[PDB]
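Given next are two forms of a protein chain, the same chain in both, each as structure tokens and marked structure 1 or structure 2.
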Structure 1
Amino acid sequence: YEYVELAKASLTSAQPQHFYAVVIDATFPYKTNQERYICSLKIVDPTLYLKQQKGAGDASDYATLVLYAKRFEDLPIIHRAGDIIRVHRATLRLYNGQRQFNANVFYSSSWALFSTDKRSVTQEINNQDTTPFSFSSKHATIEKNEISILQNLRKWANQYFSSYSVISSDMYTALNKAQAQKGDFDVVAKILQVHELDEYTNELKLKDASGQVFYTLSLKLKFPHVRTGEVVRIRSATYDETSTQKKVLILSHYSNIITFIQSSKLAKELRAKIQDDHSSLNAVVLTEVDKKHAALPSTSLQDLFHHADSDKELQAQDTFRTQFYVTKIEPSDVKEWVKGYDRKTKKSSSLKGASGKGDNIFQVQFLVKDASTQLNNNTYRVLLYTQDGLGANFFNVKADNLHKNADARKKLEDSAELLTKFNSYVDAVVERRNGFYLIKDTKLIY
């Protein structure tokens, strides 16, 4: 078996071609006629892909794929944009100005789906994987020459989705423009809530960039992968005219609810911008980030400490945002949280000597964790070192000699408790400085 890249496939329906590609869109498998099923997809690869960060996408920068079968069960069900598909025996032809690969599974063509995500669903562990999780033939195995192809496409897919939006603005309609649509349309939104209306009827509360909120019923039997907080792209939805209270989206037998691979820049972006207008301390965010960082995407501790100098994005920037819960604060002695600092030697020192140099700072360490790291036994440190102003206002308390000022000390002691004993978490912006992440432009709201 020899594979060719999408942009290099020969233009013919005479010689069977094979390839590995990244899926960016897919309908659910559906009956188009009697004894004739179809699954339509949009695919990209290193030789053919979308490069815009925003706005319309160039239709000549991605290719399509139409899979044909005579039974529903022979077609693939694709949940995640960013996953990989391997097709054996496909033809290529031009349709509506695009490279359109075709493949009759009912003849001798086959397909196989490979997971592109490195970590698990909860983002908690590493799942690194040379075998398809879903495939058309009984031939559930891969060849040697394929290994490198799959491994490289995965790496590329992740790098690609983390660098580009991939899904362009013409591939969806803002919800505020939905009621006005003639027929069906696509949606890119964040799932704000999942409500079980019946054992397998999950009502999804959707919200997109336009700030409009819609609801839709998703069949749990088909889409057991959707969960609260995730961003999805709905392929084909129509507006329910008979919706009076809630604005409702209706899905069809060919509609698909597509998630994005974890590295997706578009998803990270949307998870950050979209919030739900809603309405004894437990599991609440304890901080407030300067508004100037409002639309800044969050980075997991996993990416922050293990891929920092390993990405064509992270190694470039110095300011990040992340969320975590504090497992411990050091120094243990809160009185030592505020120290004396010498500008000339950049040396800190206890204030238990009663010095009065005035220049006091904070030098606190937070041992933290988040979902991407809590299952491992590493320690991750985030610093609150203010000799240069970064994080100066975190505690909403001036850096005074805590050996003398008893109130400031107790105030800080409460904060320590607050940061570690109520399932609460920190949302902070940090700046890399000499191999350390220092908190900045972030302050407690408690």
Structure 2
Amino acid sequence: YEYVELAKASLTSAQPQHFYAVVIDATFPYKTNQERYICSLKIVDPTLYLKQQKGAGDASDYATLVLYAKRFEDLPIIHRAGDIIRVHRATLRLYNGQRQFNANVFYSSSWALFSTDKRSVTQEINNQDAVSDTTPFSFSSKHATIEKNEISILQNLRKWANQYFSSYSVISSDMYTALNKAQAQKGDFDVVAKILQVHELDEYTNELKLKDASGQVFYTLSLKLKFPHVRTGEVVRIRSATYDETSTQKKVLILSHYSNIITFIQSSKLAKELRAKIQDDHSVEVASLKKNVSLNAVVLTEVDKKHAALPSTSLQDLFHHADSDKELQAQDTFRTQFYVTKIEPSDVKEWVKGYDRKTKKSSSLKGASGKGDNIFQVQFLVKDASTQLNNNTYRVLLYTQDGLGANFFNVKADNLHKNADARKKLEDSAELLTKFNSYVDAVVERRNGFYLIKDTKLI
């Protein structure tokens, strides 16, 4: 197998050609008819990556790769821009002014993806390790071979890929549309924005909250199985999206089966600048707390920074598998999301009780401070996506006698029967917590079969 560079590949030979390249863009493998699937992507290498810069405006140059197959599983799933792809037996031809490489995987063509970073997107999601630096993390057919003379090629292009993404945007301005101009588009377009929030809408669907450089916020539905790599704080490129003219409560982007959501490799200058420049927005949330019914989800809390790297556990696992799952049994501190259906005790004034640390008893303060130290003893009845359909509601406690969750309300415990100020803030918070589309993001500590909230405060 002889590998040729993109700009040197023969246009006349029409013979099978092979090459190594960097993927900067790609659609998701999509079905076209009762027997064919397609995957179109943009590729570049040391010889083809940028247009004649002087009037080009630092616009990236690239060749295209169109892989045809009879089965969905015979095509590559590009989750990240910057990774490398190796193609065998591809025929090149000029398509509307550009070098278009075509390969029929259903016949004799094959491909193989290599990770530019230490781990592939999937290996990062599962916290795994790559077999080696010459091992493909994905490939077509039952076998993939790598000869010794390739290592130098692979290792070199990997170094180039990082020099390229760190020096240039790769995904230039002409490759995406500003979100605040989305409504002006005739058809579909592309986006480059940061994920401000990943809201679990239901069992199989995530609702992404996006915001790009234009400062405009948009929401879009992202299937869990299709795009399992979405993560808050990360910048992604969305290939093919449409403006939803039928949504009036919030700005919504519509994706298609061929649409794709792609992240960037660590060295990406574009992704790095955007993760910093673009800052979280709560304007949508703030404005929603004024409406009787908000069609926009609002995350009222925020967990302590030290837990931001902690994965979340559904209520289904927390209450139905915590005593039978080997893994869940070894943990006492978990993170989870949910919405409050009801709060107890009903009377907000009883939320704070006097606590006697010697008898381990607490009592009402309707009879004054003679009950001991003031503490919060609130029992939330919650529910979430993983338990949305069952006939259950689960108890999540906020017992601060030991300091856990003492600042949840941003209101220090006090006799709510006498302190009107403290009582009013809590009653208000109570209306927000039980209001539709209000959710809680919090860490909980397991204690004697119960979950107590900790390291979690309001917004």
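Basically, rigid core = biggest C-alpha set you can superpose within 1.5 Å across the two forms. Just so we're on the same page, residue numbers count up from 1 along structure 1's sequence.
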task = Compare C-alpha positions between structures 1 and 2 after fitting on the rigid core and state which of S134, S115, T201, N376 moves by at least 2 angstroms.
result = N376
ask   = Taking the rigid core as the reference frame, is the Cα of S264 displaced by 2 Å or more between structures 1 and 2?
value = no
key: C-alpha of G229 off by 2 Å or more between structures 1 and 2 on rigid core   = no
query = Is the C-alpha displacement of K144 equal to or greater than 2 Å between structures 1 and 2 once the rigid core has been superposed?
reply = no
query = How many angstrom apart are the two C-alpha positions of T242 between structures 1 and 2, if you fit on the rigid core?
reply = 1.0
request  = May I ask for the C-alpha shift of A56 between structures 1 and 2, in Å, based on superposition of the rigid core?
outcome  = 6.3
key: Angstrom shift of the Cα atom of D25 between structures 1 and 2 (superposition on rigid core)   = 0.4
